[PDB]
Amino acid sequence: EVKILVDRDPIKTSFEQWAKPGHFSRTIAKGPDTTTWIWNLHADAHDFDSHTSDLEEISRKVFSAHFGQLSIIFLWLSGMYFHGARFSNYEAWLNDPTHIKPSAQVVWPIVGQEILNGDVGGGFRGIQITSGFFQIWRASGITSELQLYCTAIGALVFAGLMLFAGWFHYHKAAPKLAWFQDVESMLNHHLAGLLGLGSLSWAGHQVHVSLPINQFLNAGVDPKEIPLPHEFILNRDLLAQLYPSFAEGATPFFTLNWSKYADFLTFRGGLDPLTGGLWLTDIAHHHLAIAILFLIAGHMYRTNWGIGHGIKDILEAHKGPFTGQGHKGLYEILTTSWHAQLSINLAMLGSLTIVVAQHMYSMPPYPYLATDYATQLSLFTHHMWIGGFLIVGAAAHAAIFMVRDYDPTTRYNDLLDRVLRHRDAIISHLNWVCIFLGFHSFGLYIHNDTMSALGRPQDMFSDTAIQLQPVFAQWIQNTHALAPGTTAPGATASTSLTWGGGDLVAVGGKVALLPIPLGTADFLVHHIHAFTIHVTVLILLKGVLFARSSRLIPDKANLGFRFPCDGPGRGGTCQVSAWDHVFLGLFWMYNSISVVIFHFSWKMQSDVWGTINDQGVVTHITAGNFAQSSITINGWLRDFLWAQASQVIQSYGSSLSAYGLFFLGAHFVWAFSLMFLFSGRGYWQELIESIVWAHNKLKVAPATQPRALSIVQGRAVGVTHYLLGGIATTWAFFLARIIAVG
Amino acid sequence: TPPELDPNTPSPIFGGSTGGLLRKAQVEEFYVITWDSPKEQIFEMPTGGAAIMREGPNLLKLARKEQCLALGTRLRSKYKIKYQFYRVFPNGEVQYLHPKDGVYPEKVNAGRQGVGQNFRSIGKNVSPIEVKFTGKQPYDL
Amino acid sequence: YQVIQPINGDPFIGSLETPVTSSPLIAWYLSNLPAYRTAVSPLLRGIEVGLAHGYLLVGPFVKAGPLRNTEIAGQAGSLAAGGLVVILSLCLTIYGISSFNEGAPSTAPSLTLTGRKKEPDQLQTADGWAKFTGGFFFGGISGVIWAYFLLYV
Amino acid sequence: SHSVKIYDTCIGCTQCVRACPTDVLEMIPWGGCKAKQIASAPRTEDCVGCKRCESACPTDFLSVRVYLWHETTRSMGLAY
Amino acid sequence: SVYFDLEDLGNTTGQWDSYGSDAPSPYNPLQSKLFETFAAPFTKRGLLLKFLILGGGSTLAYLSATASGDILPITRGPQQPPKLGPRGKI
Amino acid sequence: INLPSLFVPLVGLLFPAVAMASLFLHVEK
Amino acid sequence: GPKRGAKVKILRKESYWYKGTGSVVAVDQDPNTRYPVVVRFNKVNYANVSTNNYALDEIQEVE
Amino acid sequence: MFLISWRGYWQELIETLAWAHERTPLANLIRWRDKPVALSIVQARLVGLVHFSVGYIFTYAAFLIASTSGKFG
Ligand code: CLA
Ligand code: CLA
Ligand code: CLA
Ligand code: CLA
Ligand code: CLA
Ligand code: CLA
Ligand SMILES: CC1=C(/C=C/C(C)=C/C=C/C(C)=C/C=C/C=C(C)/C=C/C=C(C)/C=C/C2=C(C)CCCC2(C)C)C(C)(C)CCC1
Ligand SMILES: CC1=C(C/C=C(\C)CCC[C@H](C)CCC[C@H](C)CCCC(C)C)C(=O)c2ccccc2C1=O
Ligand SMILES: CC1=C(C/C=C(\C)CCC[C@H](C)CCC[C@H](C)CCCC(C)C)C(=O)c2ccccc2C1=O
Ligand code: SF4
Ligand code: SF4
Ligand code: SF4
């Protein structure tokens, strides 16, 4: 019987706990004897499992926490809209999107930083933004700064509401555990109410506000001269002038004469030639269909009426000869353990962010986006990074479940057990396939470097020597290019210009998109991707599968999820914990994503982006050198890194100088991590002994005894500074490069 | 007191895994742990996976002594059950290992002679130069 | 019915019995390989193994080697294959010298799946391994020569 | 094998013995401390050298000490 | 229904021959005699080692010392006139 | 160029083979 | 020996509080006790311990 | 690599590889005489430092000689 369950006033609201650091932990609440205390206070702050054993209290904590997060995000959006209204060149940009650089940040004039306010156009001086907000705002039909202001106020209000909701649902009316456990209902409401009504109502805004205003903008009429959005709702005559379907109102909808609505609900595909973005009509139709799909999907699970599936039933129905009991027991696991859920959701959300990156490069959804190379590069890189991080997190919390929540005596599952019983085979096979992949991908590169160095280019792996064609990908390309004529008749063009066949979409003299050629170089990089991903998976999966025990450490589970080791014995057992596997997996994720974004950058600058001359002459940014240059490590070293770092290294004395500063700073932080990664806390402790002596000599030794960081924190600081450094380096490199030569 | 005898008692219910014995058991040595369970019940295997201990006598062969003391520790701590374990050589010989004198080493028991006990504080160890060119270590004195 | 069972019924031996490991087709296949002819002279086994391996070895050397696009492709590739045959024979030889003492008996299993006693493979002895290596060299070179003949004569 | 030594600063809290994962240490009668007992290491052939015992010892300085020495298949924690 | 036996430590520790067959020689008798007589010299591991090392080195030295210029560019040598160094140096 | 064609493969292939085999047998004994 | 609550200097070289001062808690009168002098310190050691046993020749009453 | 990742990870990995070898037919016929284990902690530090130093020296040597002799001042 699914219903609203809530406890009234579980926790009194008082600043008393604010004045007592570490209140959540009986150990930390006692106070500091050494400095280590401090770090612990922050490390275990959000580890609610180590706070209480009660699943209910934890669930409440996470719920209000989520409200806090949403509040923060609303405040963030509020900031973006407000800065877009008060400190930007957005209207000017609307007047001329093809020759004005998007800027929504200005700096104050002190210590010379005024130079950062550069000539972005529109009679405005500031920092060029690469978030892509301007194209969103144009797509939403926003024309004035006033509307941006109003959206900012709305977002601020929503921030207040989310914060209050957090306080309310923690201190005043806190849901019961059964409420959180109503997964059938939660799934129904999230499928139908969130996504369904979300894309439905959004389709509403698109059909009533986006389409008309954008039609006007594309027509060329001055934005101020364009009718306000509410008028298109009040006066249906305007929409009728733009799309005659509205003359018949909602009649063809109910009478099933949907063909009449082909004016604003299309299925053309490809890109709009005068904007370089997907057709907004296609987008509106897309959101309508999606809305229907999710709406019907949200009626799958049984709640307070007979109809509907039971999750446990569907799970217990799937069991084979190879797997025995199958998915039985998983419902209980996934309705009592937050870490399992977090694992699944992190893996899938990360993967989703990755697919978002790819789909947004290859099918530009916003007007004047494809030709804003800075924005595209930025979006791709950003979402790729977010994805990778979320995935590593999925590994972490999978392992955390494996150590803290797994209990085969009370919550047994056959699949998990069987996985555990042949983990050696799984990990060994992953190992082998990783070595094979490494050899047969990187080894090709080294082979090429050697042959090239020895004066034997005819012995290389390339398109002009020993060819390794991506036949399968080429076939998929051709198939997807010929699809509109055969297997998708209702579609006018392809879903993306990047497919093997097609024309070329250009906007304002710049290339928006064109068919992307795939050769030996692409085979090579793709197999590098497969390799790096496989290694990352090797590390993480090994980490979670051996989190509880191994032949080396039979009782590793009792040591916890996060611990440095089990001593120098057994030959040495450093980094045996699953946490340390998350730690190594982070480095490998960094590696993989780095080579991925380099792949994207070089390929785009070489074979896609660039200017287009009259009669159809396309001049790319790096003139198609990829196919010949990316086949050796030296090519990446010289033609990519060395050649393209030019913009960042000579950005001094201009508006892009901050990128030079960040280039150097990031290199510095990266190197700085190596001190932590390469060393150990014993040395630091003894050094600290000497320094402490010096402080005692002058009566200035603190009561909170100065301690070297723990082994684990040394590792965490190490990997954190390593990632921050490397990623920020590629950040500065990318942005300076693409902003200067774009 | 005489050590426990080692007969052929039934093994726990388990579908088999890849974490069991290897060639070391055949050529060098393996181990055997026995216990007496009040009922049929699930326990986690030291080598990974879940097994079912039967009621009465149970005998499990493992690859390392550490696995044996691990499992035994989990038995005594979780299931409140006494355990023993032995080492087994390829020739067939069995060596009784734990608990050595019938009493757990945590609690004192008369009869045990000291091994490796230095009757001096740790700081009073001689410098390495004192033992140069000898076979002795400063902690062997 | 279930598909995966403990190895030979023993759930505490570090392996599992799957269709890949133990099914009639694969079992018959492996048991008929020269390596598992546990009751025959290791010399003949060596001849077969070396023959097959040298024969396959001729392929990739000829087509992928540095002289693949020259009139002297077959000679070069086959020679290289013979070279690898020699090197691998050297490897096998030192493996035999290092692993088995002339006095030491067979280290091969002396039991079957059923549990009955049988004569240990003489492949796991010094003399036996030496014979196997001789067979790998003879058969290796012979296989290279034969493949080269079929390919270019 | 590794070497394990007990020193007379031992106060017989037995923490090290119940910390060993391979049953190396044990408690024997003694008169040097109030607890009437001292630690002992009769089975260092099974010692892996993890040093959990040292991490369990309360005394300053340690009354149990592990000197990693000759390396064997048992001390390497190998199961193969 | 047990798997522990002191008298039979072989079955206890899974020391089985999983795929070894007790079948007699399936090979060609004439070819068997051929190989048993002709491949015999290489069945002495010391002599085989000496023969493979010395013979292999000898062969390598042969094909190396007599390598044609049409095979190895290193034996053919330079065929174009030399270029002058950066600072007018030979 | 005459001698190098003899000595180079001698030191680069034969010598390390002999040495590695010898050291292998020595260390394995 | 020294009285209870007496401020003593540590003479044991391998002690965390070597050359430092602590307070006497109790002295074991059993002559078989090798380290009777129970001492407590203001700061904990690397093992989070604030108390330790010493011998008569390992403490020095000062003020 | 040798400086950042430490022993236990590799030791366990190698354990799974040892299992892999003892359970792979044909390859089963070949067995090691010295048990495969992960490098020791100190050994790891040394090997890591060695790769680091060699890389350092060789890289800077190549740059030095190439940049200088490429133009000869
Ligand atoms: C994440 C969102 C975000 C970010 C990164 C920024 C960033 C910026 N804003 Mg923007 N802003 C935002 C949201 C954001 N804003 C929102 C939602 C609004 C609407 C209210 C604004 C309205 C706004 C205006 C009107 C201006 C800016 C300006 C700026 C710039 C200078 C900031 C400054 O120096 O403040 C001033 C610095 C301080 C106030 C420092 C005091 C910090 C105190 C001492 C900390 C005390 C700790 C304590 C716990 C915090 C208070 C808690 C409180 C509950 C009591 C900087 C780029 C300026 C600008 O861009 O000029 C060209 C500017 O004029 N912002
Ligand atoms: C506004 C009045 C108010 C007061 C007096 C309290 C008081 C309390 N809360 Mg409650 N709560 C409130 C509002 C309030 N809350 C709101 C608005 C929410 C929704 C977020 C919650 C949700 C909530 C949860 C889930 C929990 C509490 C808990 C508590 C108790 C301990 C918390 C504590 O002392 O740490 C004080 C914490 C801080 C001073 C840090 C604030 C952290 C902010 C909000 C995060 C955002 C910072 C952001 C990242 C900026 C970083 C910038 C840059 C440096 C990176 C204490 C009685 C805890 C409890 O009862 O334990 C048994 C507990 O688990 N509260
Ligand atoms: C889906 C979101 C999400 C949520 C809710 C959690 C929640 C949790 N994680 Mg998980 N995790 C996630 C994603 C998430 N994680 C991701 C994406 C990764 C990959 C990096 C991980 C990898 C991971 C590890 C390895 C561990 C956790 C742990 C935890 C638990 C304790 C967290 C804590 O208290 O730290 C307090 C929060 C901090 C100390 C924040 C500081 C983090 C760095 C310093 C900030 C980075 C700098 C920033 C980018 C820029 C700085 C600019 C300037 C300030 C210099 C908590 C349940 C821990 C645990 O024990 O679980 C039981 C744990 O050991 N997580
Ligand atoms: C690791 C990737 C890789 C690959 C695929 C190649 C491939 C090649 N190299 Mg290159 N090389 C590499 C890395 C690689 N190299 C690196 C990193 C360097 C720097 C040290 C070099 C330096 C180099 C030089 C100096 C030369 C080559 C040459 C060659 C060519 C001939 C090689 C040869 O004769 O071997 C023989 C090939 C084999 C023995 C094949 C064995 C593998 C088989 C397929 C295994 C089959 C297993 C089976 C599928 C499993 C199931 C069994 C079941 C069916 C029964 C060949 C195209 C030569 C050339 O001129 O190229 C044009 C040459 O002169 N390489
Ligand atoms: C000791 C320093 C030294 C070094 C670094 C070199 C280096 C070289 N020699 Mg030269 N060589 C040397 C001394 C040295 N030589 C001396 C003193 C003689 C007179 C006997 C020669 C006679 C010689 C000839 C005829 C040729 C070379 C050639 C070469 C080149 C190829 C390597 C080779 O095959 O030589 C082989 C070297 C020898 C046969 C003589 C060395 C014998 C000494 C007495 C023992 C050395 C043992 C050594 C220290 C052990 C190190 C390994 C150990 C640590 C494991 C290489 C640049 C070849 C060449 O120039 O190609 C372009 C070539 O054809 N060398
Ligand atoms: C440092 C010493 C050294 C020397 C002198 C050589 C010499 C050679 N290598 Mg290289 N190689 C070396 C080290 C060396 N290698 C190392 C360290 C690596 C790994 C980085 C390689 C990786 C490599 C690859 C992948 C390839 C070579 C190849 C070659 C041959 C050049 C291609 C050619 O056109 O020749 C012409 C070659 C022939 C016409 C066929 C050669 C047949 C030989 C001479 C028969 C010898 C038989 C005899 C039993 C050898 C036993 C020696 C042993 C007992 C010591 C040439 C013989 C190529 C090759 O072997 O082509 C077949 C080739 O593909 N090498
Ligand atoms: C951007 C942004 C924002 C804003 C937002 C908005 C503005 C929203 C809106 C929203 C909306 C405005 C929504 C709406 C919705 C509606 C709906 C969802 C409706 C539905 C309906 C229906 C579904 C119907 C049905 C029916 C039919 C069809 C017939 C029969 C009867 C009935 C009636 C049942 C904020 C500030 C937050 C923040 C910042 C960002
Ligand atoms: C450098 C380094 C340290 C030393 C780093 C330390 C001790 C970090 C602490 C440094 C800060 C600056 C001390 C905290 C400062 C206080 C907050 C006081 C602030 C004073 C104001 C002026 C800001 C380790 O402890 C360590 C441990 C394990 C592996 C590697 C390493 C390692 O590489
Ligand atoms: C990769 C890695 C391994 C795995 C590496 C292994 C097992 C070494 C394998 C090397 C192979 C066998 C040979 C490699 C080729 C060498 C060039 C051989 C040189 C031999 C000299 C005598 C010349 C560890 O064991 C390890 C241990 C502790 C900390 C870090 C690490 C670590 O990072
Ligand atoms: S982590 Fe530090 S302490 Fe723990 S084992 Fe590795 S080295 Fe020894
Ligand atoms: S080191 Fe580990 S194993 Fe050796 S004795 Fe101390 S605790 Fe027992
Ligand atoms: S821990 Fe230190 S003190 Fe306690 S018993 Fe073992 S040795 Fe004696």
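Easy rule for this one: first residue shown is 1, then count along the chain.
Structure method, as recorded: X-ray crystallography, 2.8 Å.
Cβ coordinates are placed from backbone N, Cα and C, and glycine is handled just like the others.
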Same [4Fe-4S] cluster 2 site per Swiss-Prot - residue from D:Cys13, D:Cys20 joining D:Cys47, D:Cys50, D:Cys53: D:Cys20
Spatial neighbours of the domain '4Fe-4S ferredoxin-type 1' (D:1-30) far in sequence, C-beta under 8 Å, 6+ residues away: 36-50, 52-59, 61-70, 72, 74-75
Candidate binding-site residues D:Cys20, D:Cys47, D:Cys53, pick with smallest Cα gap to D:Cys10 ([4Fe-4S] cluster 1 binding site): D:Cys53
Cβ neighbour count within 10 Å of D:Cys47 ([4Fe-4S] cluster 2 binding site): 25
Number of Cβ atoms other than its own within 10 Å, given for D:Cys57 ([4Fe-4S] cluster 1 binding site): 25
Three-class DSSP secondary structure - D:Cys50 ([4Fe-4S] cluster 2 binding site): coil
Residue among the binding-site residues D:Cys13, D:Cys16 whose Cβ has the most other Cβ atoms within 10 Å: D:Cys16
Cα distance (Å, whole number) from D:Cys16 ([4Fe-4S] cluster 1 binding site) to D:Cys53 ([4Fe-4S] cluster 2 binding site): 4
All-chain count of other Cβ atoms within 10 Å of D:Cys53 ([4Fe-4S] cluster 2 binding site): 27
List of the binding-site residues D:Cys16, D:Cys50, D:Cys53 facing chain A, defined by a Cβ pair under 8 Å: D:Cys50
D:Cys13 ([4Fe-4S] cluster 1 binding site) and D:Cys47 ([4Fe-4S] cluster 2 binding site), distance between Cα atoms, whole Å: 20
Cβ neighbour count within 10 Å of D:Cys10 ([4Fe-4S] cluster 1 binding site): 26
For D:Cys20 ([4Fe-4S] cluster 2 binding site), nearby residues of its own chain (Cβ under 8 Å, 6 or more apart in sequence): D:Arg52, D:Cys53
Neighbours of D:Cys10, D:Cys13, D:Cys16, D:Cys57 excl. site residues, C-beta within 8 Å of centre, [4Fe-4S] cluster 1: D:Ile11, D:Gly12, D:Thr14, D:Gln15, D:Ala39, D:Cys53, D:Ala56, D:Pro58, D:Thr59, D:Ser63, D:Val64
